[PDB]
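Quick setup: one chain, the form deposited in one PDB entry, written in structure tokens, and binding and motion questions come after.
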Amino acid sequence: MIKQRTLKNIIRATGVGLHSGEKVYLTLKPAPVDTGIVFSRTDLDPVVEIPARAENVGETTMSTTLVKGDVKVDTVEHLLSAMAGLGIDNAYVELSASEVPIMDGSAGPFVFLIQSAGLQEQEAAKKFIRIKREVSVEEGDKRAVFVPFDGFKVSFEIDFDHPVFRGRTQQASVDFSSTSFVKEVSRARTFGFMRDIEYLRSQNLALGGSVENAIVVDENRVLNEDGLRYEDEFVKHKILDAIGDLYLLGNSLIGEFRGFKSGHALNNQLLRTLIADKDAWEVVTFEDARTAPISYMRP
């Protein structure tokens, strides 16, 4: 029986918001079965809880932001990427401020902190959302699709009109029943361009943004002295973002995601269109993990 997982132990990190550049304390706690993942603004009296679910996404400009009233939890995509990759159904995430800390710009630190604490299998079937039908969303040249597939698999393609890809369109594709999220995707850092410094300045964005937590690019140059973690880092990071944004469904996907330049917006649109077309999906468990179309790392 594929069982639900929580954290074995509590996890504490410190960091800054990429967008707010604020110091934030982060705590992840176990939660009981069918809790799902709930963010908690503990710097407010009363404490303000936003379940990590598609309906709660409010802004998707340069991050996925959870909103309940005038209250946001900004930039959830990387942590939720990590928590999906390791298969966590149930957790309380406590933040002392509006934004998850960026750490190094990838999910590496999160997967490491989580696996150090270890996971706890809980005595209840894990619910899975299976794609039964193709589901597609477009807006101009951006496109995002769910396709039935016995497994979980994430394709992504983007053309940047940017010198730094030395001409080439970035593409990649990963079967997570074949390949490790931890080795191949988790270490892929977020990234930004100096040609956007004005606009970002004019939106009060990327205030915590530096070489220390992001691949920074000035025309022909990635400024990061030590370069990249993979030749295809940028596109592997878009796959990390998609895994996080997708996990706001509140259950794991049996299916294939195909992204063509899709951002946080179009990812979230795809979730909504999907939830809405109940013909296109069903919830399933597996009484025998030995015949499931996906598996997970030992807890």
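The term rigid core refers to the most C-alpha atoms you can superpose between the two forms while keeping them within 1.5 Å. Just count from 1 along the sequence shown to find any residue number.
The following text describes the form deposited in another entry, which does not appear among the structures shown.
### Message
Once the rigid core is superposed, exactly one of 136, 116, 169, 180 has its CA displaced by 2 Å or more between the shown form and the other one; which residue is that?
### Response
Single residue meeting the criterion: 169.
#### Entry: Core-superposed C-alpha of residue 125 shifting 2 Å or more between the shown form and the other one
After core superposition, the displacement of the residue 125 C-alpha between the shown form and the other one stays below 2 Å, so no.
### Query
Would you say residue 147 moves between the shown form and the other one, meaning its CA shifts by 2 Å or more once the core is fitted?
No, the C-alpha position differs by under 2 Å between the shown form and the other one.
### Query
Does residue 228 show a Cα shift reaching 2 Å between the shown form and the other one after rigid-core superposition?
After core superposition, the C-alpha of residue 228 moves less than 2 Å between the shown form and the other one.
### Query
By 3 Å or more, the Cα spacing of residue 167 and residue 154 differs in that other deposited form; is it closer or farther than in this view?
Compared with this form, residue 167 and residue 154 lie closer in that other deposited form.
### Query
Which is it in that other deposited form for the CA atoms of residue 198 and residue 228, closer or farther than here, knowing they shift by 3 Å or more?
Compared with this form, residue 198 and residue 228 lie closer in that other deposited form.
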